[PDB]
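The data block below is protein-v2.cif; it holds mmCIF, C-alpha atoms.
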data_work
#
loop_
_atom_site.label_atom_id
_atom_site.label_comp_id
_atom_site.auth_asym_id
_atom_site.auth_seq_id
_atom_site.Cartn_x
_atom_site.Cartn_y
_atom_site.Cartn_z
CA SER A 1 19.37 331.73 140.94
CA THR A 2 19.54 328.26 142.48
CA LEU A 3 22.39 329.48 144.70
CA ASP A 4 20.17 331.96 146.53
CA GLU A 5 17.54 329.22 146.81
CA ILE A 6 20.12 326.98 148.48
CA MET A 7 21.44 329.63 150.88
CA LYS A 8 17.82 330.45 151.75
CA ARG A 9 16.68 326.84 152.12
CA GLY A 10 19.85 326.05 154.06
CA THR A 11 20.53 322.64 152.54
CA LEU A 12 22.46 321.40 149.50
CA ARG A 13 20.31 318.78 147.80
CA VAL A 14 22.75 316.54 145.93
CA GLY A 15 21.43 314.11 143.33
CA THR A 16 23.43 310.92 142.94
CA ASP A 17 23.36 307.24 142.05
CA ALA A 18 23.97 305.52 145.40
CA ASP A 19 25.44 302.49 143.61
CA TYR A 20 28.55 303.61 141.74
CA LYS A 21 31.66 302.71 143.76
CA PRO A 22 33.86 304.33 144.79
CA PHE A 23 32.17 307.64 143.96
CA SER A 24 28.88 307.15 145.83
CA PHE A 25 27.35 304.17 147.64
CA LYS A 26 25.86 302.99 150.93
CA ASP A 27 27.85 301.73 153.92
CA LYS A 28 27.18 299.20 156.68
CA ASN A 29 23.99 300.96 157.79
CA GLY A 30 22.24 303.19 155.26
CA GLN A 31 24.67 306.12 155.38
CA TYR A 32 26.43 307.47 152.29
CA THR A 33 30.13 307.30 151.42
CA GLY A 34 32.42 307.91 148.46
CA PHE A 35 34.63 310.41 146.64
CA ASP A 36 31.70 312.43 145.28
CA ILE A 37 30.08 312.16 148.71
CA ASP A 38 33.02 313.73 150.54
CA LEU A 39 33.23 316.29 147.73
CA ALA A 40 29.52 317.02 148.24
CA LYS A 41 30.11 317.55 151.95
CA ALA A 42 33.02 319.85 151.07
CA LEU A 43 30.88 321.94 148.72
CA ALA A 44 28.12 321.99 151.33
CA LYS A 45 30.73 323.29 153.76
CA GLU A 46 31.65 325.91 151.15
CA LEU A 47 28.01 327.00 150.98
CA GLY A 48 27.78 326.78 154.76
CA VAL A 49 24.76 324.49 154.50
CA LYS A 50 23.69 320.97 155.46
CA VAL A 51 23.80 318.04 153.06
CA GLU A 52 20.84 316.09 151.67
CA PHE A 53 21.61 313.27 149.25
CA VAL A 54 18.73 312.46 146.91
CA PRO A 55 19.18 308.93 145.52
CA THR A 56 17.95 308.66 141.93
CA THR A 57 18.13 306.13 139.10
CA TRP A 58 21.14 306.65 136.81
CA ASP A 59 18.80 306.66 133.82
CA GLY A 60 16.57 309.41 135.21
CA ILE A 61 19.12 311.46 137.15
CA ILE A 62 19.40 314.18 134.49
CA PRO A 63 15.65 314.78 134.11
CA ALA A 64 15.48 314.81 137.91
CA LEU A 65 18.12 317.54 137.82
CA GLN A 66 16.15 319.48 135.21
CA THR A 67 12.89 319.13 137.15
CA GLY A 68 14.48 320.54 140.30
CA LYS A 69 14.50 317.36 142.38
CA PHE A 70 17.98 318.44 143.44
CA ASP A 71 20.36 321.34 142.83
CA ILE A 72 23.40 319.42 141.57
CA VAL A 73 24.51 316.01 140.26
CA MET A 74 27.55 314.34 141.83
CA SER A 75 27.92 310.72 140.73
CA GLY A 76 31.12 310.31 138.69
CA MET A 77 29.26 311.67 135.67
CA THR A 78 31.15 311.73 132.37
CA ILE A 79 31.04 315.02 130.47
CA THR A 80 29.71 314.09 127.03
CA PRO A 81 28.49 316.22 124.08
CA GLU A 82 25.06 314.56 124.35
CA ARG A 83 24.79 315.66 127.98
CA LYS A 84 26.04 319.22 127.43
CA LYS A 85 22.97 319.64 125.23
CA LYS A 86 20.79 319.10 128.30
CA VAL A 87 22.83 320.22 131.31
CA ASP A 88 25.88 322.38 132.03
CA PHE A 89 28.98 320.73 133.49
CA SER A 90 31.54 322.10 135.92
CA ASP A 91 35.29 321.92 135.30
CA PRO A 92 36.69 318.34 135.48
CA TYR A 93 37.45 317.04 138.98
CA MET A 94 38.45 313.53 137.92
CA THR A 95 39.84 311.76 134.85
CA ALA A 96 38.56 308.25 134.17
CA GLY A 97 40.56 306.29 131.62
CA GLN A 98 40.46 302.64 130.60
CA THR A 99 42.45 300.40 132.93
CA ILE A 100 43.00 296.65 133.18
CA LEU A 101 43.21 294.81 136.50
CA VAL A 102 45.24 291.59 136.64
CA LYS A 103 46.72 289.25 139.24
CA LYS A 104 50.14 290.04 140.72
CA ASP A 105 51.44 286.73 139.36
CA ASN A 106 50.96 288.16 135.87
CA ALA A 107 52.69 291.46 136.64
CA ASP A 108 55.37 290.43 134.14
CA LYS A 109 55.05 289.44 130.47
CA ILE A 110 52.24 291.99 130.09
CA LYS A 111 52.85 295.26 128.25
CA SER A 112 49.57 296.70 126.98
CA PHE A 113 46.26 295.83 125.31
CA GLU A 114 47.69 293.63 122.55
CA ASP A 115 49.19 291.35 125.21
CA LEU A 116 45.64 290.28 126.05
CA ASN A 117 44.34 290.09 122.49
CA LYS A 118 44.88 286.32 122.48
CA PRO A 119 41.90 283.95 122.17
CA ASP A 120 42.96 281.92 125.22
CA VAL A 121 42.76 285.01 127.43
CA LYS A 122 39.68 285.46 129.62
CA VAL A 123 38.68 289.01 130.56
CA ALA A 124 35.71 290.25 132.60
CA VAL A 125 33.74 293.50 132.31
CA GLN A 126 30.68 295.17 133.82
CA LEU A 127 27.69 295.00 131.48
CA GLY A 128 26.67 298.26 129.81
CA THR A 129 29.79 300.17 130.80
CA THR A 130 32.30 301.89 128.53
CA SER A 131 34.78 299.29 129.79
CA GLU A 132 32.78 296.70 127.86
CA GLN A 133 33.12 298.83 124.73
CA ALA A 134 36.87 299.17 125.23
CA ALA A 135 37.11 295.42 125.81
CA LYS A 136 35.23 294.95 122.54
CA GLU A 137 37.21 297.29 120.30
CA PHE A 138 40.63 296.57 121.81
CA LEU A 139 40.23 292.94 122.92
CA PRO A 140 37.99 291.25 120.32
CA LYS A 141 39.81 287.92 119.99
CA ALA A 142 39.66 287.16 123.72
CA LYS A 143 36.67 285.69 125.56
CA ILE A 144 34.46 288.39 127.08
CA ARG A 145 32.58 287.70 130.31
CA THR A 146 29.91 290.21 131.35
CA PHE A 147 28.60 290.63 134.89
CA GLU A 148 26.13 292.74 136.88
CA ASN A 149 28.74 294.67 138.86
CA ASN A 150 32.51 295.06 139.05
CA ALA A 151 32.74 293.10 142.30
CA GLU A 152 31.65 289.90 140.57
CA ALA A 153 34.16 290.43 137.77
CA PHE A 154 36.78 291.14 140.42
CA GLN A 155 35.84 287.86 142.08
CA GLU A 156 36.21 286.14 138.71
CA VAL A 157 39.70 287.54 138.13
CA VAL A 158 40.76 286.85 141.72
CA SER A 159 39.51 283.25 141.81
CA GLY A 160 41.06 282.43 138.44
CA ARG A 161 38.08 282.16 136.11
CA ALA A 162 39.31 285.30 134.35
CA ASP A 163 42.84 286.23 133.27
CA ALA A 164 41.99 289.92 133.58
CA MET A 165 39.24 292.51 133.96
CA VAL A 166 38.62 295.81 132.18
CA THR A 167 37.28 298.80 134.10
CA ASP A 168 37.63 302.54 134.70
CA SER A 169 40.84 303.88 136.26
CA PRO A 170 39.21 305.13 139.48
CA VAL A 171 37.46 301.78 139.96
CA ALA A 172 40.63 299.78 139.29
CA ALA A 173 42.50 302.08 141.67
CA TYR A 174 39.83 301.49 144.30
CA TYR A 175 39.85 297.69 144.07
CA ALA A 176 43.58 297.80 144.83
CA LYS A 177 43.06 296.84 148.47
CA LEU A 178 46.69 295.21 147.93
CA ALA A 179 46.66 291.82 146.21
CA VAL A 180 46.12 292.31 142.48
CA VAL A 181 47.79 294.88 140.23
CA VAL A 182 46.99 297.72 137.83
CA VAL A 183 47.91 298.35 134.19
CA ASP A 184 46.83 301.55 132.44
CA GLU A 185 46.13 301.80 128.71
CA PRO A 186 47.64 304.67 126.64
CA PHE A 187 45.19 306.16 124.11
CA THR A 188 42.60 308.58 125.49
CA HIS A 189 40.64 309.29 128.67
CA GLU A 190 37.27 310.65 129.83
CA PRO A 191 36.45 313.81 131.84
CA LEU A 192 34.29 313.78 134.98
CA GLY A 193 32.35 316.86 136.07
CA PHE A 194 29.42 317.92 138.23
CA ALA A 195 26.10 318.72 136.57
CA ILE A 196 23.70 321.61 137.12
CA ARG A 197 20.79 323.13 135.18
CA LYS A 198 20.95 325.45 132.17
CA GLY A 199 21.26 329.20 132.66
CA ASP A 200 22.81 329.42 136.12
CA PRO A 201 26.31 330.98 136.01
CA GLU A 202 26.27 331.82 139.73
CA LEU A 203 26.12 328.25 141.04
CA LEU A 204 28.37 327.09 138.19
CA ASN A 205 31.14 329.61 138.89
CA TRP A 206 30.74 329.02 142.62
CA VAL A 207 31.36 325.32 142.07
CA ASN A 208 34.28 326.08 139.77
CA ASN A 209 35.87 328.54 142.21
CA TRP A 210 35.37 326.12 145.10
CA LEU A 211 36.97 323.29 143.12
CA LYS A 212 39.79 325.60 142.02
CA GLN A 213 40.39 326.57 145.64
CA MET A 214 40.21 322.96 146.85
CA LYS A 215 42.84 322.09 144.24
CA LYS A 216 44.81 325.18 145.26
CA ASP A 217 45.05 324.49 149.00
CA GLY A 218 45.58 320.76 148.50
CA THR A 219 42.42 319.36 150.08
CA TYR A 220 41.40 317.80 146.76
CA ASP A 221 44.71 315.96 146.55
CA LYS A 222 44.19 314.64 150.08
CA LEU A 223 40.69 313.42 149.24
CA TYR A 224 42.05 311.98 145.99
CA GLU A 225 44.91 310.04 147.56
CA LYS A 226 42.45 308.85 150.21
CA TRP A 227 40.23 307.03 147.71
CA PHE A 228 42.43 306.23 144.71
CA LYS A 229 45.68 305.42 146.54
#
Translate the structure of the given file into C-alpha cells.
Amino acid sequence: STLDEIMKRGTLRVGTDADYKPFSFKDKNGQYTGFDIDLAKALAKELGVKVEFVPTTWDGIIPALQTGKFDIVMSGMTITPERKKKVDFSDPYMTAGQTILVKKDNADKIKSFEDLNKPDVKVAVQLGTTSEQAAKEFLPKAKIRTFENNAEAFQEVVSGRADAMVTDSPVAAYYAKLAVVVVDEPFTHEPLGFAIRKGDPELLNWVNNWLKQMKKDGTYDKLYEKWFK
C-alpha cells in the first residue's frame, strides 16, 4: 500500500496547484499557505511524517497522481463522476456553492440571482471556472466580463466597473477582508474531496478516519473559521 510507502519514506508528498486561493498558493517568499495546505500539514502530523508539496499543473495533476508523482491530491478538487472514473475521492471536507460578491452599498434591494438578471447589470467572473457557467445559465441578460483570476474581477467590482462578481463560496468568503458583502444562491452545491489512486483502501480509510476525527475534536472547525470567516 501507499501508506506503508509513506511511513517508510517518512514524508507525505502532497500534489497541489499552488495557484488556487485560498486553498493553496505561495506567500511573500516561496513558502506555501492555504486551507488545503494546513490540512496537508495536519494529515502529515497524523502520519507522523514531514510534508513535501509537489506543485503540478491543474490540467495534469490527476495523471501525476496516477503516475506516482505524489501520494495524494489536495487542491480544492471537486468530486465529479468523470474524476471518480480515474481516481478515488475521500469524504467531503468542504462544500463549494455558487456565491455572488457585491459592494456593501448594494446590500439592500438585492434578493437573489434574478435581481441581477437585468441587462444594465455588470458582473465579473474568472474565465474557465464553473462560476462562469453559473453566470451564463443564471445571468444571461447581464453583461459578462471574464478575467484571468478572481483578484482582477474583485478589483473590477471594487472600483465600480462591475456591479457584481460570481465565484465559489469559499473564494467569496475569503475575499471578505471587510469592505464588500456576500450573497449566497439557493439551488445546489459542489463537494470537495482529496484524491488518491485506485485500489488503496488503507490510505483512503486513514484519510477518512483522520478527517472524521478532525471534525470530531473541532480542529477542522477552527481551521475552517480561520480561512472562511
12 Å contact set for residue 198 (chain A), all atoms listed in the file, chain neighbours under 6 positions out, as a list in words
residues 1, 2, 62, 65, 66, 67, 68, 71, 72, 83, 84, 85, 86, 87, 88, 89, 90 and 204 of chain A
Do you know which residues are at most 9 Å from residue 112 (chain A) counting all atoms listed in the file, after dropping those on the same chain fewer than 4 positions away, and could you put them as a list in words?
residues 116, 183, 184, 185 and 186 of chain A
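When the PyMOL selection byres ((chain A and resi 143) around 6) is run on the displayed coordinates, the residues it returns are residues 122, 142 and 144 of chain A.
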Hits of the PyMOL selection byres ((chain A and resi 192) around 12) in this structure, as an NGL selection string
:A and (23 or 36 or 73-80 or 83 or 89-97 or 168-170 or 189-191 or 193-195)
Limited to C-alpha atoms, could you put the picked residues into a file as a PDB file, keeping the file's coordinate frame?
ATOM      1  CA  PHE A  23      32.170 307.640 143.960  1.00  0.00           C
ATOM      2  CA  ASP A  36      31.700 312.430 145.280  1.00  0.00           C
ATOM      3  CA  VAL A  73      24.510 316.010 140.260  1.00  0.00           C
ATOM      4  CA  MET A  74      27.550 314.340 141.830  1.00  0.00           C
ATOM      5  CA  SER A  75      27.920 310.720 140.730  1.00  0.00           C
ATOM      6  CA  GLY A  76      31.120 310.310 138.690  1.00  0.00           C
ATOM      7  CA  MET A  77      29.260 311.670 135.670  1.00  0.00           C
ATOM      8  CA  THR A  78      31.150 311.730 132.370  1.00  0.00           C
ATOM      9  CA  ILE A  79      31.040 315.020 130.470  1.00  0.00           C
ATOM     10  CA  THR A  80      29.710 314.090 127.030  1.00  0.00           C
ATOM     11  CA  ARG A  83      24.790 315.660 127.980  1.00  0.00           C
ATOM     12  CA  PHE A  89      28.980 320.730 133.490  1.00  0.00           C
ATOM     13  CA  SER A  90      31.540 322.100 135.920  1.00  0.00           C
ATOM     14  CA  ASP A  91      35.290 321.920 135.300  1.00  0.00           C
ATOM     15  CA  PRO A  92      36.690 318.340 135.480  1.00  0.00           C
ATOM     16  CA  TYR A  93      37.450 317.040 138.980  1.00  0.00           C
ATOM     17  CA  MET A  94      38.450 313.530 137.920  1.00  0.00           C
ATOM     18  CA  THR A  95      39.840 311.760 134.850  1.00  0.00           C
ATOM     19  CA  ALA A  96      38.560 308.250 134.170  1.00  0.00           C
ATOM     20  CA  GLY A  97      40.560 306.290 131.620  1.00  0.00           C
ATOM     21  CA  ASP A 168      37.630 302.540 134.700  1.00  0.00           C
ATOM     22  CA  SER A 169      40.840 303.880 136.260  1.00  0.00           C
ATOM     23  CA  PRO A 170      39.210 305.130 139.480  1.00  0.00           C
ATOM     24  CA  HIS A 189      40.640 309.290 128.670  1.00  0.00           C
ATOM     25  CA  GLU A 190      37.270 310.650 129.830  1.00  0.00           C
ATOM     26  CA  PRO A 191      36.450 313.810 131.840  1.00  0.00           C
ATOM     27  CA  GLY A 193      32.350 316.860 136.070  1.00  0.00           C
ATOM     28  CA  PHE A 194      29.420 317.920 138.230  1.00  0.00           C
ATOM     29  CA  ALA A 195      26.100 318.720 136.570  1.00  0.00           C
TER      30      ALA A 195
END
For this file, the PyMOL selection byres ((chain A and resi 140) around 12) selects which residues, as number ranges by chain?
A: 113-114, 116-123, 132-139, 141-145
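Minimum distance to residue 43 (chain A) across A:206, A:70, A:58, A:25 (counting all atoms listed in the file) occurs at A:206.
Across A:98, A:130, A:174, A:6, the tightest approach to residue 224 (chain A) is made by A:174 when counting only C-alpha atoms.
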Neighbouring residues of residue 55 (chain A) were defined as those with any atom within 10 Å, considering all atoms listed in the file; residues of the same chain fewer than 2 positions away were excluded. Please report them as a compact mmCIF listing (two decimals) with C-alpha atoms, in the frame of the given file.
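Final file, out.txt:
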# COMPACT_ATOMS: atom_id res chain seq x y z
CA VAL A 14 22.75 316.54 145.93
CA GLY A 15 21.43 314.11 143.33
CA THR A 16 23.43 310.92 142.94
CA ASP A 17 23.36 307.24 142.05
CA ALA A 18 23.97 305.52 145.40
CA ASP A 19 25.44 302.49 143.61
CA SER A 24 28.88 307.15 145.83
CA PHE A 25 27.35 304.17 147.64
CA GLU A 52 20.84 316.09 151.67
CA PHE A 53 21.61 313.27 149.25
CA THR A 57 18.13 306.13 139.10
CA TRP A 58 21.14 306.65 136.81
CA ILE A 61 19.12 311.46 137.15
CA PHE A 70 17.98 318.44 143.44
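Ranking A:47, A:30, A:104, A:155 by their shortest atom-to-atom distance to residue 209 (chain A), with only C-alpha atoms included, puts A:47 first.
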Pick from A:63, A:199, A:128, A:10, whichever lies nearest to residue 49 (chain A) using all atoms listed in the file:
A:10
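Among the candidates A:59, A:82, A:156, A:4, the one nearest to residue 101 (chain A) when counting all atoms listed in the file is A:156.
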Coordinates-based distance that separates CA of residue 28 (chain A) from CA of residue 69 (chain A) (Å, one decimal)
26.4 Å
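Atom pair CA of residue 229 (chain A) / CA of residue 21 (chain A) has a distance of 14.5 Å (rounded to one decimal).
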Reconstruct N, CA, C and O atoms of region 120-133 of chain A; output as a compact mmCIF listing (two decimals), in the frame of the given file.
# COMPACT_ATOMS: atom_id res chain seq x y z
N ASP A 120 42.95 282.77 124.04
CA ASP A 120 42.96 281.92 125.22
C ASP A 120 42.86 282.76 126.49
O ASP A 120 42.80 282.23 127.60
N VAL A 121 42.83 284.08 126.31
CA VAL A 121 42.76 285.01 127.43
C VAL A 121 41.31 285.28 127.82
O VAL A 121 40.47 285.55 126.96
N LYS A 122 41.02 285.19 129.11
CA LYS A 122 39.68 285.46 129.62
C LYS A 122 39.64 286.78 130.39
O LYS A 122 40.32 286.94 131.41
N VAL A 123 38.83 287.72 129.90
CA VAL A 123 38.68 289.01 130.56
C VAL A 123 37.23 289.25 130.99
O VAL A 123 36.30 288.76 130.35
N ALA A 124 37.05 289.98 132.08
CA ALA A 124 35.71 290.25 132.60
C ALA A 124 35.42 291.75 132.62
O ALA A 124 36.29 292.57 132.90
N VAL A 125 34.17 292.10 132.32
CA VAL A 125 33.74 293.50 132.31
C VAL A 125 32.36 293.65 132.93
O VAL A 125 31.60 292.69 133.02
N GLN A 126 32.03 294.87 133.34
CA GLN A 126 30.68 295.17 133.82
C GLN A 126 29.79 295.48 132.62
O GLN A 126 30.16 296.24 131.73
N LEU A 127 28.60 294.87 132.61
CA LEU A 127 27.69 295.00 131.48
C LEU A 127 27.18 296.43 131.33
O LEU A 127 26.76 297.05 132.31
N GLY A 128 27.22 296.95 130.11
CA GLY A 128 26.67 298.26 129.81
C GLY A 128 27.63 299.41 130.00
O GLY A 128 27.31 300.55 129.67
N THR A 129 28.81 299.12 130.55
CA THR A 129 29.79 300.17 130.80
C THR A 129 30.66 300.43 129.58
O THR A 129 30.66 299.65 128.63
N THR A 130 31.39 301.54 129.61
CA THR A 130 32.30 301.89 128.53
C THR A 130 33.48 300.92 128.51
O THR A 130 34.15 300.75 127.49
N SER A 131 33.73 300.30 129.66
CA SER A 131 34.78 299.29 129.79
C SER A 131 34.49 298.09 128.90
O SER A 131 35.40 297.48 128.35
N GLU A 132 33.21 297.77 128.76
CA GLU A 132 32.78 296.70 127.86
C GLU A 132 33.09 297.07 126.42
O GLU A 132 33.56 296.23 125.64
N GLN A 133 32.83 298.33 126.07
CA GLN A 133 33.12 298.83 124.73
C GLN A 133 34.60 298.76 124.42
O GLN A 133 35.01 298.32 123.35
